[PDB]
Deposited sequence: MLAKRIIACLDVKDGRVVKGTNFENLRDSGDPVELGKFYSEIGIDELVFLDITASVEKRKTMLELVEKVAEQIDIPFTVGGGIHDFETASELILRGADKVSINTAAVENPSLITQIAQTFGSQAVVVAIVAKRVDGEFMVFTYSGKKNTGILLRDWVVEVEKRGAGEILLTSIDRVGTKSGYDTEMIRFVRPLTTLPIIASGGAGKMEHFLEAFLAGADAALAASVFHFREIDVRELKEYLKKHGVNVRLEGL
């Protein structure tokens, strides 16, 4: 099964939170324009993340303009919101804090739209040598061990785990490959590595650690990595991608 490259677009009020400077692009803040561009250059999937209704309009336009899978995330707190996002064209929804506080939400979405529709995002940090699950964008220690939550999440019916290591996020220092390795034998689900990507070699390392997809925002936002070059590089180094 081919490894996937996934671009994460941070969105506020249905616009991309710029500093973008895509001169080739007409409007760097239009998420449909930016998403379509990524689609065309070889990105395999998109994640639209609301960092703060306008989301429903965004999903609508994205759905009819873009022909690759896309996930929506960021403050989905209930079944009704997930349902509405999926019906209006989102392929997947990502939930985190709302999954920790009501794990049945996972199962409710999976039963209604299929397991492949639910992505559970997990933010973990090291606390006294143990990986612990944090909610509220890394503000709250749930007291839940990463090793138990991963097992609960699959059991509840999740289709994928988006594995965010908050202490690598934005740093460009590499993915947290130790955490990916820790999670790999605990679950059979596809693991999406998230946070830290800085150079092509970092993607290789994440795939070697056992990720099935690698998500990045910084290196695609700051235009640092050519997607096609990245795919050729991974292929050259024995990683199965699609070209």
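Residues of the deposited sequence that lack C-alpha coordinates fall in the stretches 1, 54-59, 251-253.
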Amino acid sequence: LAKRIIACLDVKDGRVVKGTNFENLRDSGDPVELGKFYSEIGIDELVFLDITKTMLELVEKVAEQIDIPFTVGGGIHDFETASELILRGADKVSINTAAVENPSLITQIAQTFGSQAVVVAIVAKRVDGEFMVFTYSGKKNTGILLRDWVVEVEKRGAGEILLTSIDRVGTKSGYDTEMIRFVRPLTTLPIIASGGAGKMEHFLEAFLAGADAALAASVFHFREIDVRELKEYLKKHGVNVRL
From here on, numbers count along this sequence of modelled residues.
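Between 107-115 and 89-97, it is 107-115 that carries the larger average Cα temperature factor according to the deposited entry. Stretches compared: 42-50, 22-30. Higher mean C-alpha B-factor in the entry: 22-30. The PDB entry assigns the greatest CA B-factor among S137, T142, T71, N102 to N102. By the numbers in the PDB entry, the CA B factor is greatest at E60 among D212, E60, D176, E201. Among the modelled residues of the chain, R242 sits in the highest third by CA temperature factor in this PDB entry. Among all modelled residues in its chain, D226 ranks in the highest third by Cα B-factor. Sort the modelled residues of the chain by CA B factor and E160 lands in the lowest third. Sort the chain's modelled residues by C-alpha temperature factor and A7 lands in the lowest third, per the entry. Annotation for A217: CA B-factor lies in the middle third of the chain's modelled residues.
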